[PDB]
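Q: these are from a larger complex, still in place; more later:
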Amino acid sequence: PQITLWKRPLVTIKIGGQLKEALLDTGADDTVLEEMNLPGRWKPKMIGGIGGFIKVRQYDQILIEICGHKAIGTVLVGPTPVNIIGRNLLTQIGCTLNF
């Protein structure tokens, strides 16, 4: 589809058997999701943006479905105020910017 940007580009995602709302965010290299207790091993990481850094847990090869489109890749889990779908997954669903 085509999503205009009058409002935040929020979409439903499925990850770890849960449905959630997340931003399609061309400004994020990677994907960052609200605290959730995923199984498996993880690696600590610190990521920075406006206001400074937050601590997150890096999970690799996680299955995620973004508005019907399947993808698999790294997800960072931590105290983010919004779920952020980054370019690592936006490429996998064929998402582009156009003007």
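A: Sure thing, it's come through. Numbering: from 1, shown residues only, chains lettered A, B, ... in the order given.
Q: doesn't residue A:88 lie inside a strand?
A: No. The assignment for residue A:88, made by DSSP: H, G, I helix; E, B strand; the rest coil, is helix rather than a strand.
Q: hang on, it packs against residue A:32?
A: No. Using C-beta atoms under 8 Å, residue A:88 is not in contact with residue A:32, being 10.6 Å away. For the C-beta atoms, the positions are set from N, CA and C on the backbone; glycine is no exception.
Q: and stretch A:30-45, what's buried?
A: Neighbour-count burial for stretch A:30-45 flags A:30, A:31, A:32, A:33, A:38, A:45 (criterion: 16 or more other C-beta atoms under 10 Å).
Q: you'd agree the third one is up against residue A:89?
A: Think residue A:32. No. With contact defined as C-beta under 8 Å, residue A:32 does not count as touching residue A:89 (11.0 Å).
Q: which neighbours do the two have in common?
A: Overlap between the contact sets of residue A:32 and residue A:89, as judged by C-beta atoms under 8 Å, 6 or more residues apart in numbering, is nil.
Q: picking that back up, farthest-separated two in the buried residues of stretch A:30-45?
A: A:30 and A:38 (15.5 Å; C-beta to C-beta).
Q: can I get stretch A:54-62 in CSV, CA atoms only?
A: In CSV, the C-alpha atoms belonging to stretch A:54-62 read as follows (Å, rounded to 0.1, in the frame of the first residue of the first chain):
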residue,chain,number,x,y,z
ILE,A,54,18.9,3.6,26.5
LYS,A,55,19.9,0.1,27.3
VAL,A,56,18.4,-2.7,25.2
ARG,A,57,18.7,-6.4,24.7
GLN,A,58,19.7,-7.5,21.2
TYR,A,59,17.9,-10.6,19.8
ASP,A,60,18.9,-12.1,16.5
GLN,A,61,16.9,-13.9,13.8
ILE,A,62,13.5,-13.0,15.3
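Q: now for chain B:
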Amino acid sequence: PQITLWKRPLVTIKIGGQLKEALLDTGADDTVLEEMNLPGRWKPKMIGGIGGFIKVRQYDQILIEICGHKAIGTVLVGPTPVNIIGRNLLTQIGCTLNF
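A: So, slotting chain B in with the rest:
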């Protein structure tokens, strides 16, 4: 143009007569630029990102050309990690997400 996301969507902008590089950021409501000199009056404002809140200078009705497309809108100036073009200006140049 159509912009894929395997790389950061960085474009050249012109603001205040000077060229800069900026990131097309669909996850940003607002446009925030690193510290710079801009003519005209400004108002102190607060903005929140992934890591907390920062103080910025708000410039309204500022001419800014993005990848050859003209916009006139609000530009926030402050200690953002990188120059980001937010939805307030992406809508003006007709930018949409497509997949």
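Q: anything in stretch A:15-30 near chain B?
A: Yes. For stretch A:15-30, a contact with chain B is found by C-beta under 8 Å from any C-beta of the partner chain, at A:23, A:24, A:25, A:26, A:27, A:28, A:29.
Q: put together CSV for the residues you listed, with neighbour count and secondary structure on each row.
A: Formatted as CSV, the residues of stretch A:15-30 next to chain B follow (neighbours: other C-beta atoms under 10 Å in any protein chain shown; DSSP: H, G, I helix; E, B strand; the rest coil):
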residue, neighbour count, secondary structure
A:23, 22, strand
A:24, 26, strand
A:25, 25, coil
A:26, 27, coil
A:27, 21, coil
A:28, 25, coil
A:29, 13, coil
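Q: just the closest residue of chain A to chain B, please.
A: residue A:50 (2.5 Å; C-beta to the nearest C-beta).
Q: check contacts around that residue.
A: B:32, B:47, B:48, B:49, B:50, B:51, B:52, B:54, B:80, B:81 (C-beta atoms under 8 Å, 6 or more residues apart in numbering or on different chains).
Q: strands of chain A, start to end?
A: If DSSP state E is used as the criterion, the strands of chain A fall at A:2-3, A:10-15, A:18-24, A:31-33, A:43-49, A:52-66, A:69-77, A:84-85, A:96-98.
Q: who wins on neighbours among the contacts of residue A:50?
A: residue B:32 (25 neighbours; other C-beta atoms under 10 Å in any protein chain shown).
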